[PDB]
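Below is one structure, written out as structure tokens; the observations come after it.
Nothing in this text is a laboratory measurement; each read-out follows from the coordinates by a stated rule. Here Cβ is always computed from backbone atoms with ideal geometry, including for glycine, and neighbour counts include all displayed protein chains.
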Protein chains: 4
Amino acid sequence: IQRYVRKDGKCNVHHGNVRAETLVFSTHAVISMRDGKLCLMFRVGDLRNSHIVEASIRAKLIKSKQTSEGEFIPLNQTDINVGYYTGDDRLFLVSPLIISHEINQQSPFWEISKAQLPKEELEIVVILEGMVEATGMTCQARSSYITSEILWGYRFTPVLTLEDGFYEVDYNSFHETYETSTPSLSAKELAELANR
Amino acid sequence: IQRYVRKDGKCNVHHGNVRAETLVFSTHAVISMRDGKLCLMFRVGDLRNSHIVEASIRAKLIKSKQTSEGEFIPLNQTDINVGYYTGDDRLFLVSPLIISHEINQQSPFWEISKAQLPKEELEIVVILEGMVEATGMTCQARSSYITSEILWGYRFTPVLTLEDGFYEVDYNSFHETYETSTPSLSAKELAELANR
Amino acid sequence: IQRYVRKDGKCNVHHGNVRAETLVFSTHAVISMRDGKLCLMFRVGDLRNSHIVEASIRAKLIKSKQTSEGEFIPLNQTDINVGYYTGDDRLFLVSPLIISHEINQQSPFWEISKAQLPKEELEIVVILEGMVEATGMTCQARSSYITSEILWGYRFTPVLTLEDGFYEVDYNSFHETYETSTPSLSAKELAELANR
Amino acid sequence: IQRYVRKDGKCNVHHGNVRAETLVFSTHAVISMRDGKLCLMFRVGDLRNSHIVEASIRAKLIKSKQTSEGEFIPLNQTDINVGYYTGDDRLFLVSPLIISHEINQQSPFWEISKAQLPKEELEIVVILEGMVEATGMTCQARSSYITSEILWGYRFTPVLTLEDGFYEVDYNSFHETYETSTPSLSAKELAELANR
Ligand SMILES: [Gd]
Ligand SMILES: [Gd]
Ligand SMILES: [Gd]
Ligand SMILES: [Gd]
Ligand SMILES: [Gd]
């Protein structure tokens, strides 16, 4: 068994690194099943030459909306769940990670089907915040997913592989995704059906 | 569909900005319905020339009170819910936002009607805390709503409008509110009645 | 109605202040009823000449203990609830505040009566943490309550009074407490009895 | 009764200290019962010559996994519960502490027996984060537990002892553990059996 993090705390990634380089978000988000739950996923990249401490991910849905009392909220924001309640939004960023929001009754995608997706006018903002170990200062990195950039029925290609006692990242496959067999029913629709 | 935040993370607000200017709270709070829930709302302004990171909103009710055992607490504080449990108090401040506290069984306004409001002796303190991206240092901004400054049955005028691929803020309408048809029963009273 | 915090965010306490002075904890803790709940309370002082931002209170019970499998833990620590779940541990420190932990089924005092208190070998550590507005740096202040310093059946004297449009703190009464009629049954005992 | 923390806030540990020295994690983790619950425990060391403020512990399970839809996640991360929900991950680090994760239905060890443990291919990453009082800057310390370093049926030797009004740490016993009678059934298996 080859360790990921060594006893002294030094990780075993990017052979020979030094732990202004920018953090990266995959250009596309994917929707697909993970153990019977439909999921939205995007990938967040590491910083090749330093750790990010007290590092956390959060996501906002920007969507103009009308309240049942006729109040129109242009570009209304609402939180997307990405591990807040279990501390799974508290990231150990030492190689690109796939973040995952389970599309459940409380998720803003609960009733969005495959066909219905392209019709929607919405934007997912992805926001990484941490303190850069080296610099000492608190960072923030942002990016955005519009409808047309969320791919229904795909999965992220794996970028991690074990080479020579070290773990190495194929950063060419970072943004890379493949298709997978995935129902086109909305999570609600899937749940309704499973419930009989 | 015009993006709000671009792929690189730069937002599309305040054409040609630079991302000591003060943050702003609307001078008035409003109470009115949002999808069947009575709500207290105040508006919190952005910082025209920098982001605020790890930015969060919280609110305190200052109200002198007597305990059933005759203990009098002058200016007692208690937390007003403004998205703490869902991370919706964790703000993405890139244009003035309306903050909203749903007046429910756990809210200090649960039993306050319209008529009963002006009678009350209370103060809502609004407290924004974040780290200013540029400066590096942690900010705090405060303001206050006394009874006479909470307007029953109003809504905030919209300040956001899409001009020339950019989003622009009509800051003249910032503090601006209009009236809307809103029941004058207390949330409790509304709930009691709906529950038959 | 005289405001506590003004529109611009400046508070109306300590007429003519400047917003290394030390933060203070009352020398004694008290136990007594607040609306039918038995409560432990200690008082935490403000900083006469600056705000504390992102300010929070937490408390630890230090108590040596034996596990049912005969494992002895000298000075075991366990968290005392002082508003963590509702954000009421997130303090707006602009004048001495009484902190309050409701002694419930989950509290380490649940079964401790008045008579039984002096018998106990325990210590409450009180820990204030915030960033000092002026200095820029994160502070921590600590203090400690041993058995003999928790007073059963007392309440904290009020220190707040309204003088000349300003609110003024009688710091002589800070540590001051008076007695009040308070049952000597343990919270459990009180609950058992009330439950018939 | 000898105090642990004095009225002024100065602790009574490491007689005559000064409050780049490294923080320490015990080289081994142990699994054993604590009041009827099976538990994983590792020990986290203090910093002999300074406090760590806003100090917190978190743990990640690194484990390559396959989703029921055949998606393979190399080195998947998932949060181990170590007091997040009760604020018990918010540490008062003034002498080595034993951290403890109760192996319950939500824990990744729920179904892992004693025999089954050595078969498993998994790694627990332990991550301490706090601000170093003196330095002013935010620290992070890491270490790692692979299968072969988690000891089933052991307990950590005590390192705390009261010498001359001061508390002293036998740092030789830090990594020291002894065996204890401990069932070899998995937590699930223990729970199933207890439930009849
Ligand atoms: Gd912080
Ligand atoms: Gd490829
Ligand atoms: Gd207007
Ligand atoms: Gd007095
Ligand atoms: Gd020994």
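Kindly list, by first and then second residue, each pair from a residue in segment C:163-176 that is under 10 Å from residue C:2 (Cβ atoms) to a residue that is within 11 Å of ligand 4 (Cβ to nearest atom) and among the acidic types (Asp, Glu), limited to pairs with Cβ atoms under 7 Å and residues at least 6 apart or on different chains.
Pairs found: none.
For residue B:4, which of the numbered conditions (1) closer than 18 Å to residue B:158 by Cα; (2) in contact with a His (Cβ under 7 Å, 6 or more places away or on another chain) fails to hold?
(2)
Quick check on segment C:1-44: of everything there that is under 14 Å from the mean Cα position of the chain (by Cα) and part of a loop (DSSP other than H, G, I, E, B), which residue is nearest to residue C:109 (Cα to Cα)?
Per the stated criteria, the residue is C:28.
Residues that are away from ligand 1 (no atom under 16 Å from the Cβ) and out of contact with any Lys or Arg (no Cβ under 9 Å at 6 or more places or on another chain): list the strands (runs of 3 or more DSSP E) wholly contained in segment A:103-196 that include at least 1 such residues. Step through it out loud before you land on a result.
On the way: elements: A:123-132, A:138-146, A:150-152, A:154-156, A:160-163, A:166-169, A:177-179.
Result: A:138-146, A:150-152, A:154-156, A:160-163, A:166-169.
Would you mind finding the one in A:62, A:57 that is within 13 Å of chain D (Cβ to nearest Cβ) and in a strand (DSSP E or B)?
Every option except A:57 fails the conditions.
Could you list all residues from segment A:53-90 that are crowded, with 20+ Cβ neighbours inside 10 Å and over 19 Å from residue B:88 (Cβ atoms)?
A:55, the sole residue that qualifies.
Rundown of residues vs (1) within 14 Å of chain D (Cβ to nearest Cβ); (2) of a type in the set (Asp, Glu); (3) out of contact with any helix residue (DSSP H, G or I) (no Cβ under 9 Å at 6 or more places or on another chain), yes/no style:
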site: A:3; (1), (2), (3): yes, no, yes
site: A:13; (1), (2), (3): yes, no, yes
site: A:16; (1), (2), (3): no, no, yes
site: A:27; (1), (2), (3): no, no, no
site: A:69; (1), (2), (3): no, yes, yes
site: A:80; (1), (2), (3): no, no, yes
site: A:83; (1), (2), (3): yes, no, yes
site: A:94; (1), (2), (3): yes, no, yes
site: A:99; (1), (2), (3): yes, no, yes
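I'm told residue B:178 meets every condition in (1) more than 11 Å from every other protein chain (Cβ to nearest Cβ); (2) exposed (fewer than 13 other Cβ atoms within 10 Å of the Cβ) except one. Can you identify the failing condition by its number?
(1)
Answer yes or no as to whether residue C:120 is farther than 30 Å from residue B:137 by Cα and more than 11 Å from every other protein chain (Cβ to nearest Cβ). Even if it seems obvious, please write down each step before you answer.
Working: farther than 30 Å from residue B:137 by Cα: yes; more than 11 Å from every other protein chain (Cβ to nearest Cβ): no.
No; evaluated as a whole, the condition is false for this residue.
What's the total number of residues in segment A:54-68 that are under 14 Å from residue A:123 (Cα atoms) and not charged (D, E, K, R)?
Total satisfying the criteria: 4.
If we scan segment B:100-122, do we find a residue that is away from ligand 2 (no atom under 16 Å from the Cβ) and under 17 Å from residue B:46 (Cα atoms)?
First, the residues of segment B:100-122 that are away from ligand 2 (no atom under 16 Å from the Cβ): B:100-122.
If we keep only those that are under 17 Å from residue B:46 (Cα atoms) as well, we get B:100.
The answer is yes; a qualifying residue exists.
State the number of residues belonging to segment A:139-155 that are within 9 Å of another protein chain (Cβ to nearest Cβ) and surrounded by 21 or more Cβ atoms within 10 Å (Cβ to Cβ).
Summing the residues that are within 9 Å of another protein chain (Cβ to nearest Cβ) and surrounded by 21 or more Cβ atoms within 10 Å (Cβ to Cβ) in segment A:139-155 gives 4.
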